[PDB]
Amino acid sequence: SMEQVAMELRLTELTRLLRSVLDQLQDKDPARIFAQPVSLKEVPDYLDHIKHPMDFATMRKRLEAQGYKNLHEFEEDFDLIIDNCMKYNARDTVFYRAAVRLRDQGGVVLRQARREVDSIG
């Protein structure tokens, strides 16, 4: 149908905007602490602590398969990255502090993304 196509164009354009958002968020992680899944070879107990692991590479895979239907779903995954870290790692660690800084800096980016998604529809 013509409508399914229109719908698919909207999803493609959302994917386009979310790809830009993801790049901007990932620039706020210059140490690459959040770039890849926590290694279960190196942290074998991790899943006993964290039930829904997340990381930027995993978000990117989902993004490129057009697997985010709306900004809320994307934000959910970004918040997992931060929240998983702040639970597993103590306050006085480079990991926890990195997540606080990513949260604070990403807020600005996400605030305008929400306006852009509402604005462009």
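Method of determination, as annotated in the archive: X-ray crystallography, at 1.5300 Å resolution.

Asker: It is not clear to me how the overall build of the protein chain should be interpreted in this structure. Could you clarify?
Answerer: Of regular secondary structure, the protein chain possesses 5 helices and 0 strands. Scanning the protein chain from its N terminus toward the C terminus, one meets helices and strands in the order α-α-α-α-α. With respect to the principal axes defined by its C-alpha atoms, the protein chain has extents near 50 × 30 × 20 Å. Long-range pairs, those at least 24 residues apart, make up 64% of the contacts in the protein chain between residues at least 6 apart in sequence.

Asker: What is the right way to read the nonpolar core from this model?
Answerer: Side chains of nonpolar character tend, in soluble globular proteins, to be buried together. Judged by nonpolar contacts, the single largest core of 27 residues is most densely connected at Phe56, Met59 and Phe74. Among the elements of the structure, helix 1 (2-27), helix 3 (56-64), helix 4 (71-88) and helix 5 (94-120) are those that each provide at least two residues to this core. The biggest single contributor to this core is helix 5, with 8 residues. Residues within four places of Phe56 in sequence aside, it is in contact with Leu22, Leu25, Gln26, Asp29, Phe34, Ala35, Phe78, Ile81 and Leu102.

Asker: Any chance you could explain helix 3 here in plain terms?
Answerer: Residue pairs three or four apart in sequence face the same way in an α-helix, which turns once every 3.6 residues. N-cap assignment for helix 3: the residue whose side-chain oxygen lies 2.8 Å from the backbone N of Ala57 is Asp55. Looking one or two residues past helix 3, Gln66 carries a phi angle of roughly 45 degrees, positive in sign.

Asker: Would you explain the environment of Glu75 in this entry?
Answerer: For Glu75, the location among the structural elements is in helix 4. Remark: the alpha-carbon pair of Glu75 and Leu18, spanning 57 residues in sequence, is separated by 10.0 Å. With residues up to four places along the chain from it excluded, the contact list for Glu75 reads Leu110 and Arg114.

Asker: What am I meant to see in the packing of helix 1 against helix 3 here?
Answerer: The angle between the axes and the distance between the axes are what describe a pair of packed helices. Between helix 1 and helix 3, the least distance of the axes is 10 Å, while the angle of their chain directions is 170 degrees. Classified by the angle between their axes, helix 1 and helix 3 sit roughly antiparallel to one another. Side by side, helix 1 and helix 3 meet where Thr15, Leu18, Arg19, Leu22, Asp23, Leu25 and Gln26 of the first sit next to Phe56, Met59, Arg60, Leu63 and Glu64 of the second. Classifying every residue of the contact of helix 1 with helix 3 gives 6 nonpolar, 2 polar and 4 charged.

Asker: I keep staring at the pattern of salt bridges and nothing clicks. Help me out?
Answerer: Side chains bearing opposite charge may pair, as long as their charged atoms lie close to each other. Per the counting criterion, the structure on display carries 6 salt bridges. In this structure, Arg62 and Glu73 form a salt bridge, with 3.1 Å as the shortest nitrogen-oxygen distance. Highlighted residues: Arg62 in helix 3 and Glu73 in helix 4, separated in sequence by 11 residues. On the basis of relative accessibility, which here comes to 31%, the residue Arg62 falls in the partly exposed class. Its relative accessible area of 26% is what places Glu73 among the partly exposed residues. Between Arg114 and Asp118 there is a salt bridge, with its nearest N and O atoms 3.0 Å apart. With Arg114 and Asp118 both in helix 5 and 4 residues apart, the pair spans about one turn of that helix. What makes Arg114 partly exposed here is its relative accessible area of 32%. When salt bridges that share partners are traced, they join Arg62, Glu73 and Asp77 into one network.

Rules used throughout
- Residues numbered from 1 in each chain as written, not as in the entry; some residues may be left out.
- Heavy atoms only, no water.
- Residues with missing side-chain atoms left out of burial classes, pairs and counts.
- Helix = DSSP H or I, 4+ residues; strand = E, 2+ residues; numbered from the N terminus.
- Contact = heavy atoms within 4.5 Å.
- Core = buried A, V, L, I, M, F, W, Y, C linked by side-chain atoms within 4.5 Å.
- Buried < 20%, exposed > 50% of the residue type's maximum accessible area, 1.4 Å probe, protein only.
- Polar contact = N/O pair within 3.5 Å; in protein donor to acceptor, adjacent residues only side chain to side chain.
- Axes fitted to C-alpha atoms, helices over the stretch in contact; angles between N-to-C directions.
- Parallel < 35°, antiparallel > 145°, perpendicular 65-115°, else oblique.
- Nonpolar A, V, L, I, M, F, W, Y, C, P; charged D, E, K, R; others polar.
- Salt bridge = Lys/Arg side-chain N within 4 Å of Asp/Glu carboxyl O.

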